[PDB]
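Shown here is one chain on its own, the form solved without the DNA, set out as structure tokens.
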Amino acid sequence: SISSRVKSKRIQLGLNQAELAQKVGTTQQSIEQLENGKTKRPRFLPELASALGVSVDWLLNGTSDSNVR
């Protein structure tokens, strides 16, 4: 799912939702809202994309290979 990508990448980055929120320049609450999927388009698209170091296109689509499941 969407949040799985963000969160999984967060885990791989070894960072948490609050750190990500600060790196994005928002509040953990906003991140958690995005994670549970209670928004349609995040204002912080570029900020999230940069925070993880992926493309907005991948934030929207979110496809980088598939090795089982």
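Numbers follow the displayed sequence, beginning with 1.
Not on display, but discussed next: the form deposited with the DNA bound.
Taking the partner from the other structure, the DNA in the entry with it bound has a heavy atom within 4.5 Å of a heavy atom of residue 16. Although the partner is absent here, residue 10 lies within 4.5 Å of the DNA in the entry with it bound, judged by heavy atoms.
Proximity to the DNA in the entry with it bound holds for all of 30, 33 and 42, with the criterion being a heavy atom within 4.5 Å.
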